[PDB]
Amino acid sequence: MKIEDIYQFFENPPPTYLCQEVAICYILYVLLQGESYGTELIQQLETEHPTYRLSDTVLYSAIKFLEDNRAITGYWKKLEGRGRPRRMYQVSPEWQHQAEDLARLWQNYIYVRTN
């Protein structure tokens, strides 16, 4: 690291990487609107909220948590115009209401931090 990197850190703050607790709520917030997959969950976040990021590590730690708890289901889908199938996630019916509650936490979290 260089001394200039210190100044840069304060001048141009790096993006905030979601921790697992927040990522879980963000993921459920998205899945409640419709099925999505890993790469899209990450891309959608940084495209709409440029000062935010979701790492592969946190993403799949969150997915593991959700699948271990039977909160979501996954299935492989062949997307149009793409050769590589993607594993689509959907909220399990049993978690619909609980998921809505967690999704609210993300909606409020991002709103308060950007307004």
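Just count from 1 along the sequence shown to find any residue number.
39 to 47 and 81 to 89 differ in mean CA B-factor, and the higher of the two is recorded for 81 to 89. Mean C-alpha B-factor is higher over 10 to 18 than over the other stretch, the pair under comparison being 10 to 18 and 97 to 105. Annotation for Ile3: CA B-factor lies in the highest third of the chain's modelled residues. Looking at the C-alpha B-factors along this chain, the one for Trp76 belongs to the highest third.
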